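Text of data_21.txt (compact mmCIF, C-alpha atoms and all ligand atoms) as supplied:
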# COMPACT_ATOMS: atom_id res chain seq x y z
CA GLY A 11 -7.49 38.55 95.37
CA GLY A 12 -11.20 37.75 95.56
CA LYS A 13 -13.17 34.66 96.37
CA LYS A 14 -12.21 32.02 93.83
CA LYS A 15 -14.30 29.43 91.84
CA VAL A 16 -13.81 25.93 93.32
CA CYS A 17 -14.58 22.70 91.48
CA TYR A 18 -14.57 19.64 93.68
CA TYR A 19 -14.14 16.02 92.51
CA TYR A 20 -15.83 13.08 94.36
CA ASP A 21 -17.24 9.60 93.57
CA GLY A 22 -19.58 7.99 96.13
CA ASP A 23 -18.06 4.54 95.40
CA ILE A 24 -14.61 5.60 96.58
CA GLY A 25 -15.21 4.88 100.27
CA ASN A 26 -16.12 1.27 99.41
CA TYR A 27 -12.59 0.25 98.26
CA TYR A 28 -10.91 -1.67 101.05
CA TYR A 29 -7.16 -2.30 101.32
CA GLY A 30 -7.71 -5.23 103.70
CA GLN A 31 -7.87 -6.09 107.39
CA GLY A 32 -5.29 -4.12 109.37
CA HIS A 33 -4.17 -2.00 106.40
CA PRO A 34 -3.93 1.64 107.66
CA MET A 35 -5.05 3.17 104.32
CA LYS A 36 -8.83 3.70 104.58
CA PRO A 37 -10.54 5.23 101.50
CA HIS A 38 -13.68 5.65 103.70
CA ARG A 39 -11.98 8.75 105.20
CA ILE A 40 -12.72 10.43 101.79
CA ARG A 41 -16.44 9.67 102.24
CA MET A 42 -16.29 10.92 105.89
CA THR A 43 -14.71 14.15 104.51
CA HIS A 44 -17.46 14.56 101.82
CA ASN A 45 -20.30 13.93 104.29
CA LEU A 46 -18.85 16.37 106.79
CA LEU A 47 -18.42 19.20 104.28
CA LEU A 48 -21.97 18.46 102.85
CA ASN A 49 -23.36 18.90 106.40
CA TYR A 50 -21.49 22.18 106.85
CA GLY A 51 -23.40 23.43 103.73
CA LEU A 52 -20.26 23.87 101.60
CA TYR A 53 -21.87 22.28 98.49
CA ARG A 54 -23.75 25.60 98.16
CA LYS A 55 -20.47 27.44 97.29
CA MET A 56 -18.80 25.05 94.83
CA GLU A 57 -19.37 22.88 91.81
CA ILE A 58 -19.28 19.19 92.79
CA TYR A 59 -18.29 16.78 89.95
CA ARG A 60 -18.20 13.06 89.74
CA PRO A 61 -14.92 12.41 87.95
CA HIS A 62 -14.57 9.92 85.01
CA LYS A 63 -12.76 6.56 85.50
CA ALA A 64 -9.30 7.41 83.92
CA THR A 65 -8.51 4.91 81.12
CA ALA A 66 -5.32 2.81 80.69
CA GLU A 67 -4.33 5.15 77.86
CA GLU A 68 -4.52 8.18 80.24
CA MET A 69 -2.42 6.34 82.84
CA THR A 70 0.25 5.39 80.23
CA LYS A 71 1.10 9.06 79.59
CA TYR A 72 3.46 8.32 82.52
CA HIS A 73 3.19 4.69 83.58
CA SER A 74 4.51 1.86 81.43
CA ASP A 75 2.00 -0.19 79.43
CA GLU A 76 3.12 -3.40 81.10
CA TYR A 77 2.58 -2.02 84.60
CA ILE A 78 -0.92 -0.64 83.73
CA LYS A 79 -1.81 -3.95 81.97
CA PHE A 80 -0.90 -5.77 85.21
CA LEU A 81 -2.93 -3.41 87.46
CA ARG A 82 -5.83 -3.89 85.02
CA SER A 83 -5.66 -7.68 85.16
CA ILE A 84 -4.58 -8.53 88.81
CA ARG A 85 -7.44 -9.73 91.09
CA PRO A 86 -7.37 -11.67 94.45
CA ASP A 87 -8.73 -14.73 92.58
CA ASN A 88 -5.77 -14.86 90.09
CA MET A 89 -2.89 -13.55 92.30
CA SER A 90 -1.38 -17.07 92.27
CA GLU A 91 -0.86 -16.82 88.45
CA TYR A 92 0.94 -13.42 88.87
CA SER A 93 3.48 -13.95 91.73
CA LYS A 94 6.45 -12.91 89.56
CA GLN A 95 4.64 -9.79 88.13
CA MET A 96 3.51 -8.87 91.65
CA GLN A 97 7.06 -8.81 93.03
CA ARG A 98 8.35 -6.87 89.98
CA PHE A 99 5.59 -4.22 90.29
CA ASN A 100 5.77 -4.20 94.14
CA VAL A 101 2.12 -5.32 94.54
CA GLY A 102 0.96 -7.79 97.21
CA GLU A 103 2.23 -6.53 100.61
CA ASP A 104 2.19 -2.72 101.47
CA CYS A 105 0.36 -2.24 98.14
CA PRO A 106 -2.09 -5.13 98.26
CA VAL A 107 -4.34 -6.66 95.66
CA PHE A 108 -7.88 -5.79 96.67
CA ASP A 109 -11.28 -6.04 94.92
CA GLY A 110 -11.76 -3.09 92.59
CA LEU A 111 -8.07 -2.00 92.85
CA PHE A 112 -7.99 -0.72 89.24
CA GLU A 113 -11.31 1.18 89.51
CA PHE A 114 -10.01 2.87 92.70
CA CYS A 115 -6.93 3.92 90.64
CA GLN A 116 -9.22 5.13 87.83
CA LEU A 117 -11.38 7.28 90.13
CA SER A 118 -8.44 8.62 92.17
CA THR A 119 -6.65 9.49 88.86
CA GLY A 120 -9.80 10.75 87.11
CA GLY A 121 -10.39 13.42 89.72
CA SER A 122 -6.90 14.84 89.43
CA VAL A 123 -6.79 14.82 85.63
CA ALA A 124 -10.35 16.21 85.37
CA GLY A 125 -9.31 18.93 87.80
CA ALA A 126 -6.24 19.77 85.70
CA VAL A 127 -8.38 19.96 82.50
CA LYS A 128 -10.85 22.31 84.17
CA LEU A 129 -7.94 24.59 85.26
CA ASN A 130 -6.44 24.50 81.73
CA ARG A 131 -9.79 25.54 80.24
CA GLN A 132 -9.90 28.45 82.75
CA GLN A 133 -13.32 27.19 83.90
CA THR A 134 -12.12 27.23 87.58
CA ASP A 135 -9.55 28.86 89.85
CA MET A 136 -9.21 25.82 92.11
CA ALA A 137 -9.91 22.15 91.70
CA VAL A 138 -10.02 19.74 94.66
CA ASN A 139 -9.55 15.94 94.58
CA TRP A 140 -9.23 14.45 98.08
CA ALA A 141 -9.02 10.91 96.53
CA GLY A 142 -5.78 11.96 94.79
CA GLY A 143 -2.30 12.91 96.02
CA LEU A 144 -0.78 9.45 95.60
CA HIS A 145 2.68 10.73 95.44
CA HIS A 146 4.75 7.48 95.82
CA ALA A 147 3.67 5.65 92.63
CA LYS A 148 6.48 5.17 90.08
CA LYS A 149 6.46 4.67 86.29
CA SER A 150 6.46 0.82 86.60
CA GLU A 151 6.09 0.20 90.37
CA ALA A 152 3.48 0.56 93.15
CA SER A 153 4.83 2.09 96.36
CA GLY A 154 3.61 3.35 99.77
CA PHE A 155 -0.05 2.37 99.25
CA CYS A 156 0.05 4.19 95.81
CA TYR A 157 -0.41 2.41 92.47
CA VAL A 158 -1.16 5.20 89.97
CA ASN A 159 0.49 8.58 90.26
CA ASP A 160 -2.54 10.84 89.66
CA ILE A 161 -0.32 13.81 90.56
CA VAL A 162 2.21 13.24 87.76
CA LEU A 163 -0.65 12.65 85.32
CA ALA A 164 -2.42 15.85 86.41
CA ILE A 165 0.84 17.80 86.11
CA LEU A 166 1.44 16.36 82.59
CA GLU A 167 -2.09 17.66 81.72
CA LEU A 168 -1.22 21.10 83.16
CA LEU A 169 2.04 21.16 81.15
CA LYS A 170 0.00 21.27 77.91
CA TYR A 171 -0.99 24.95 78.68
CA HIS A 172 1.57 25.94 81.43
CA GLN A 173 5.32 26.37 80.77
CA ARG A 174 6.15 26.02 84.52
CA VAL A 175 4.21 24.02 87.13
CA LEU A 176 4.96 24.13 90.88
CA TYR A 177 4.25 21.06 93.05
CA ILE A 178 4.17 21.43 96.87
CA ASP A 179 3.99 18.40 99.18
CA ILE A 180 2.91 18.86 102.85
CA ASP A 181 2.27 15.13 103.43
CA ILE A 182 4.68 13.92 106.18
CA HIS A 183 6.30 11.64 103.58
CA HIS A 184 8.59 12.82 100.82
CA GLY A 185 6.88 13.19 97.41
CA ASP A 186 9.39 10.86 95.80
CA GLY A 187 7.35 9.65 92.82
CA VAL A 188 6.55 13.18 91.73
CA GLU A 189 10.14 14.33 92.29
CA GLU A 190 11.48 11.37 90.30
CA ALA A 191 9.10 11.91 87.36
CA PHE A 192 10.22 15.53 87.02
CA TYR A 193 13.79 15.35 88.34
CA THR A 194 15.52 16.31 85.09
CA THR A 195 13.11 19.09 83.99
CA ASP A 196 12.86 22.75 84.92
CA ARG A 197 9.19 22.73 83.75
CA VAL A 198 8.10 21.24 87.10
CA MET A 199 9.60 22.36 90.39
CA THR A 200 8.83 19.94 93.20
CA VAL A 201 8.90 21.23 96.79
CA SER A 202 8.44 18.68 99.59
CA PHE A 203 8.47 19.11 103.40
CA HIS A 204 8.70 15.78 105.19
CA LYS A 205 10.17 13.85 108.04
CA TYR A 206 13.56 12.45 107.05
CA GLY A 207 15.61 9.82 108.93
CA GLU A 208 14.61 6.15 109.48
CA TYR A 209 11.37 6.92 107.67
CA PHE A 210 9.58 5.89 104.48
CA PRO A 211 10.53 6.36 101.57
CA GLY A 212 14.13 7.12 102.64
CA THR A 213 14.54 9.91 100.07
CA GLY A 214 14.21 13.74 100.21
CA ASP A 215 17.61 14.67 101.58
CA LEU A 216 18.26 18.45 101.52
CA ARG A 217 21.05 17.68 98.99
CA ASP A 218 18.64 16.15 96.45
CA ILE A 219 18.15 19.17 94.15
CA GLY A 220 17.43 17.75 90.68
CA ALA A 221 19.68 16.79 87.76
CA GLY A 222 20.40 18.12 84.25
CA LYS A 223 17.95 20.90 83.28
CA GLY A 224 16.13 20.10 86.54
CA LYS A 225 19.09 20.93 88.77
CA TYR A 226 17.87 23.39 91.46
CA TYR A 227 14.20 22.45 90.57
CA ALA A 228 13.74 19.84 93.29
CA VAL A 229 13.54 21.29 96.84
CA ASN A 230 13.41 19.16 99.99
CA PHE A 231 12.97 20.39 103.62
CA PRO A 232 13.87 17.38 105.82
CA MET A 233 12.38 17.48 109.35
CA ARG A 234 12.45 15.64 112.65
CA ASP A 235 9.59 14.45 114.90
CA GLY A 236 7.29 16.90 116.62
CA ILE A 237 7.16 19.94 114.26
CA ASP A 238 4.44 22.31 115.37
CA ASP A 239 2.26 25.02 113.74
CA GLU A 240 4.61 27.86 114.65
CA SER A 241 7.83 26.15 113.39
CA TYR A 242 6.15 24.89 110.20
CA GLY A 243 4.56 28.33 109.58
CA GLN A 244 7.84 30.20 110.01
CA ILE A 245 9.43 28.25 107.12
CA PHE A 246 6.50 27.37 104.77
CA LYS A 247 5.63 31.02 103.85
CA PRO A 248 9.25 32.30 103.38
CA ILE A 249 10.17 29.22 101.26
CA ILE A 250 7.10 29.27 99.07
CA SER A 251 7.31 33.04 98.62
CA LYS A 252 10.99 32.69 97.43
CA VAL A 253 10.02 29.72 95.18
CA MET A 254 7.18 31.81 93.66
CA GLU A 255 9.52 34.83 93.14
CA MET A 256 12.28 32.81 91.50
CA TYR A 257 10.30 30.15 89.64
CA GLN A 258 7.18 32.11 88.60
CA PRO A 259 4.89 29.14 87.96
CA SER A 260 1.61 29.65 86.08
CA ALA A 261 -0.11 26.67 87.86
CA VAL A 262 0.27 25.02 91.28
CA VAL A 263 -0.47 21.47 92.57
CA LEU A 264 -0.67 21.19 96.42
CA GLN A 265 -0.66 17.69 97.94
CA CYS A 266 -2.41 18.10 101.36
CA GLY A 267 -1.59 14.76 102.98
CA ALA A 268 -3.04 14.88 106.51
CA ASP A 269 -0.47 12.46 108.07
CA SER A 270 1.51 15.63 109.08
CA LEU A 271 -1.22 16.25 111.71
CA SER A 272 -0.79 15.69 115.46
CA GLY A 273 -1.95 12.22 116.52
CA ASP A 274 -1.68 10.55 113.14
CA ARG A 275 -1.38 6.75 113.50
CA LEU A 276 1.69 6.63 111.21
CA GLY A 277 3.01 10.19 111.44
CA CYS A 278 5.22 11.87 114.06
CA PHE A 279 4.46 15.60 113.48
CA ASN A 280 2.45 17.95 115.74
CA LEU A 281 0.45 20.19 113.43
CA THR A 282 -3.14 21.16 114.05
CA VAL A 283 -5.76 21.44 111.27
CA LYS A 284 -5.20 25.27 111.36
CA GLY A 285 -1.45 24.80 111.03
CA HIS A 286 -1.90 22.40 108.12
CA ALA A 287 -4.51 24.66 106.42
CA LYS A 288 -2.30 27.74 106.72
CA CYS A 289 -0.28 26.17 103.85
CA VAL A 290 -3.44 26.24 101.65
CA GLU A 291 -3.99 29.91 102.67
CA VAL A 292 -0.35 30.81 101.81
CA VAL A 293 -0.48 29.11 98.39
CA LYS A 294 -3.92 30.75 97.71
CA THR A 295 -2.46 34.28 98.11
CA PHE A 296 -0.45 33.97 94.82
CA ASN A 297 -3.73 33.73 92.78
CA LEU A 298 -2.50 30.99 90.48
CA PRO A 299 -4.59 28.13 89.14
CA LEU A 300 -4.44 25.58 91.97
CA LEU A 301 -5.11 21.82 92.12
CA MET A 302 -5.52 20.62 95.73
CA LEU A 303 -5.04 16.87 96.28
CA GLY A 304 -5.29 14.50 99.21
CA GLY A 305 -2.59 12.12 100.37
CA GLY A 306 -1.85 10.18 103.49
CA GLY A 307 -3.62 10.45 106.83
CA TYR A 308 -4.43 7.56 109.19
CA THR A 309 -6.40 9.01 112.14
CA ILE A 310 -9.45 9.24 109.91
CA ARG A 311 -11.54 11.62 112.08
CA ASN A 312 -8.62 14.12 111.80
CA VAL A 313 -8.29 13.55 108.04
CA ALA A 314 -12.02 14.44 107.59
CA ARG A 315 -11.63 17.52 109.82
CA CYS A 316 -8.50 18.66 107.91
CA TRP A 317 -9.81 18.33 104.40
CA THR A 318 -13.22 19.81 105.34
CA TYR A 319 -11.52 22.92 106.78
CA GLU A 320 -9.21 23.19 103.73
CA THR A 321 -12.26 23.04 101.42
CA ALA A 322 -13.70 25.91 103.54
CA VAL A 323 -10.35 27.76 103.16
CA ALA A 324 -10.41 27.20 99.33
CA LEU A 325 -13.95 28.68 99.46
CA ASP A 326 -13.09 31.54 101.87
CA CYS A 327 -15.91 30.35 104.06
CA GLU A 328 -15.73 30.40 107.85
CA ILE A 329 -17.19 27.27 109.42
CA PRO A 330 -18.04 26.75 113.11
CA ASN A 331 -15.88 24.65 115.39
CA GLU A 332 -19.14 22.91 116.50
CA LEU A 333 -19.33 19.99 114.13
CA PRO A 334 -22.69 19.57 112.42
CA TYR A 335 -24.51 16.28 112.72
CA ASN A 336 -23.36 13.86 110.02
CA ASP A 337 -23.36 10.16 109.10
CA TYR A 338 -20.11 9.65 111.10
CA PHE A 339 -20.74 11.90 114.06
CA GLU A 340 -19.58 9.36 116.69
CA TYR A 341 -16.14 9.19 115.06
CA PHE A 342 -15.54 12.81 116.25
CA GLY A 343 -15.93 12.20 119.99
CA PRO A 344 -15.29 12.94 122.73
CA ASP A 345 -15.36 16.65 121.66
CA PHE A 346 -17.36 16.83 118.39
CA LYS A 347 -15.25 19.85 117.28
CA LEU A 348 -13.60 20.57 113.92
CA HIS A 349 -10.27 21.80 115.31
CA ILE A 350 -7.68 19.73 117.12
CA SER A 351 -5.11 20.41 119.83
CA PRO A 352 -1.44 19.63 119.54
CA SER A 353 0.13 17.02 121.82
CA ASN A 354 2.86 17.51 124.48
CA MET A 355 5.41 15.75 122.23
CA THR A 356 8.84 17.29 121.92
CA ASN A 357 9.58 19.37 118.85
CA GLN A 358 12.95 17.89 117.74
CA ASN A 359 13.11 20.71 115.09
CA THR A 360 14.90 23.46 116.86
CA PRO A 361 14.50 27.07 115.73
CA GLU A 362 18.17 27.09 114.65
CA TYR A 363 17.74 23.83 112.70
CA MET A 364 14.69 25.21 110.80
CA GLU A 365 16.58 28.52 109.99
CA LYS A 366 19.69 26.69 108.87
CA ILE A 367 17.80 24.40 106.46
CA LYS A 368 15.91 27.49 105.21
CA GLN A 369 19.14 29.31 104.47
CA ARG A 370 20.60 26.39 102.54
CA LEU A 371 17.38 26.17 100.46
CA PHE A 372 17.57 29.91 99.84
CA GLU A 373 21.15 29.46 98.50
CA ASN A 374 19.84 26.82 96.08
CA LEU A 375 16.89 29.05 94.99
CA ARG A 376 19.40 31.87 94.14
CA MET A 377 20.74 29.52 91.46
CA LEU A 378 17.56 29.85 89.35
CA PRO A 379 17.99 32.35 86.45
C1 LIG A 401 2.61 5.59 104.64
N1 LIG A 401 2.37 6.21 103.34
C2 LIG A 401 3.10 5.60 102.25
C3 LIG A 401 1.79 7.42 103.21
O1 LIG A 401 1.33 8.05 104.15
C4 LIG A 401 1.67 8.08 101.84
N2 LIG A 401 1.96 9.53 102.01
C5 LIG A 401 0.25 7.88 101.32
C6 LIG A 401 0.08 8.01 99.84
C7 LIG A 401 -1.29 7.53 99.44
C8 LIG A 401 -2.38 8.39 99.49
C9 LIG A 401 -3.63 7.94 99.17
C10 LIG A 401 -3.82 6.62 98.79
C11 LIG A 401 -2.76 5.76 98.75
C12 LIG A 401 -1.50 6.21 99.08
CA CA A 402 5.91 15.95 101.95
NA NA A 403 11.83 19.28 88.40
ZN ZN A 404 2.22 10.21 103.85
This structure in structure tokens:
Amino acid sequence: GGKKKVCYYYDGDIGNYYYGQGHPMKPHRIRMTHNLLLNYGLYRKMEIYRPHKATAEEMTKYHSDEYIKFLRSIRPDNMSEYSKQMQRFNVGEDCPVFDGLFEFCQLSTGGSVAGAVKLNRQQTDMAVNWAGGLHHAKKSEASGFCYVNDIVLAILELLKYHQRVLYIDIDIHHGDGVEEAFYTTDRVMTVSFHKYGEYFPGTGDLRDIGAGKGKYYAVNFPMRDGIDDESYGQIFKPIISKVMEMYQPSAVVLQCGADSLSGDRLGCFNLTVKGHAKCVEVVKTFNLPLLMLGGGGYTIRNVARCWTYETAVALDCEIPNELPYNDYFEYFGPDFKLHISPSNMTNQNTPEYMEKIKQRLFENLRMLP
């Protein structure tokens, strides 16, 4: 299918937004990612863009005016005046008020929407925004470290020129905000693989399939702890191939949350960077306009490895396992390699379990026209 044009979205300020002491979400991992892929020489093979700050108008294509007005006004110095609005909008604990919160939203969002525009104009084959993928944000509520749903906004942009858009979520968490936004439409099919059971957000049961015109257009693959490259790989390609066959999207959004990697601080999966990136390779074979977004990921050396390698995959560019020198080199010890090993943790996802869920999903996919 050829090497593809890749446009990549990054703002150097992004790494300076700070969720607070102890908060596992570290925007600095996006800067670590950028610096690593600069030092691999990958800027030579792609267009690097500094995205615009998305305006309140752009955000209110999905989010309510009142919620965006709040995000735009709330600061640590006036939180006291806003205690009621904070509880209503779920801001102040998991989704804290931090300095520059709204600008972080604007730059995260701006990358995804700019990427979608560039794909619409057929000026690129792929667009990458590792500051995006904030799948949990709802119309009028922050959730799961997410305030603005850049994904829903980017998909709404895509829907101006694309009758059918496919969203695929390989973050360990269910892509609930994206699913919810598009639950009653057949113009977006949402496909999420995630741990399910005693795990945030609590949604993404197999039996959640959409409603109304969107019935059979939400697909959820619930999983247990310890899924490995082989088990994930044996279901991701068959499922996505059947989705592509049945749904025939003209554009794809892939959320590449790296908390599905082995050794993630918050995750419980056992994928390597190659196992994760194989999803990008599979989606790439269909030769559809593709927006690649970030997501979760909490062992930040592994996040930078993962998204560097997946930029290389987008570019069809082999990179050495020997990490180049970079501003964060010491974070990659003791090995200073790109690729990671899986752990000895038990795969609770039996081969029969994975095949059974697959077959149920296949029954649901038959129900498309
Ligand atoms: C624990 N938790 C909710 C997660 O891991 C989500 N998948 C992360 C979503 C996200 C991505 C980027 C910035 C903010 C929030
Ligand atoms: Ca997911
Ligand atoms: Na849908
Ligand atoms: Zn996650």
Write out as an MDAnalysis selection string which residues come within 8 Å of residue 292 of chain A when counting only C-alpha atoms, dropping same-chain ones fewer than 4 positions away.
chainID A and resid 247 288 296
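The nearest approach to residue 186 of chain A among the residues A:371, A:168, A:268, A:229, with all atoms listed in the file taken into account, belongs to A:229.
Put simply, atom CA of residue 209 of chain A is 8.0 Å away from atom CA of residue 183 of chain A.
Using only C-alpha atoms for every distance, the candidate list A:363, A:179, A:112, A:315 yields A:315 as the residue closest to residue 346 of chain A.
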Identify, counting only C-alpha atoms and all ligand atoms, the protein, DNA and RNA residues located within 7 Å of ligand LIG 401 (chain A), and give them as a ChimeraX atom specification.
/A:35,141-146,154-156,181-183,210,267,269,276,304-307
Give me, as a list in words, the set of residues whose atoms come within 10 Å of any atom of ligand NA 403 (chain A), counting all atoms listed in the file.
residues 174, 175, 176, 177, 188, 189, 190, 191, 192, 193, 194, 195, 196, 197, 198, 199, 200, 201, 219, 220, 221, 222, 223, 224, 225, 226, 227, 228 and 229 of chain A
Quick one, how far is atom CA of residue 375 of chain A from atom CA of residue 300 of chain A?
21.8 Å
Need to verify the contact set: residue 136 of chain A, 6 Å, all atoms listed in the file, exclusion of same-chain residues closer than 6 positions in sequence. Can you return it as an mmCIF file with C-alpha atoms, in the frame of the given file?
data_model
loop_
_atom_site.group_PDB
_atom_site.id
_atom_site.type_symbol
_atom_site.label_atom_id
_atom_site.label_comp_id
_atom_site.auth_asym_id
_atom_site.auth_seq_id
_atom_site.Cartn_x
_atom_site.Cartn_y
_atom_site.Cartn_z
ATOM 1 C CA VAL A 16 -13.810 25.930 93.320
ATOM 2 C CA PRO A 299 -4.590 28.130 89.140
ATOM 3 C CA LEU A 300 -4.440 25.580 91.970
ATOM 4 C CA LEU A 301 -5.110 21.820 92.120
#
Please determine, counting only C-alpha atoms, which residue among A:11, A:79, A:114, A:339 has the shortest atom-to-atom distance to residue 43 of chain A.
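Of all the options, A:339 lies closest to residue 43 of chain A.
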Which residues, written as a ChimeraX atom specification, have at least one atom at most 12 Å from residue 80 of chain A, with all atoms listed in the file counted and residues fewer than 6 positions away on the same chain left out?
/A:66,73-74,88-89,91-101,107,111-112,150-152,157-158
Let me see the file: selected residues, C-alpha atoms, as a compact mmCIF listing (two decimals), in the frame of the given file.
# COMPACT_ATOMS: atom_id res chain seq x y z
CA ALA A 66 -5.32 2.81 80.69
CA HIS A 73 3.19 4.69 83.58
CA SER A 74 4.51 1.86 81.43
CA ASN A 88 -5.77 -14.86 90.09
CA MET A 89 -2.89 -13.55 92.30
CA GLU A 91 -0.86 -16.82 88.45
CA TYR A 92 0.94 -13.42 88.87
CA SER A 93 3.48 -13.95 91.73
CA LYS A 94 6.45 -12.91 89.56
CA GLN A 95 4.64 -9.79 88.13
CA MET A 96 3.51 -8.87 91.65
CA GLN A 97 7.06 -8.81 93.03
CA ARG A 98 8.35 -6.87 89.98
CA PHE A 99 5.59 -4.22 90.29
CA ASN A 100 5.77 -4.20 94.14
CA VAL A 101 2.12 -5.32 94.54
CA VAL A 107 -4.34 -6.66 95.66
CA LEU A 111 -8.07 -2.00 92.85
CA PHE A 112 -7.99 -0.72 89.24
CA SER A 150 6.46 0.82 86.60
CA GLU A 151 6.09 0.20 90.37
CA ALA A 152 3.48 0.56 93.15
CA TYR A 157 -0.41 2.41 92.47
CA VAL A 158 -1.16 5.20 89.97
From A:345, A:320, A:215, A:365, residue lying nearest ligand CA 402 (chain A) [all atoms listed in the file]:
A:215
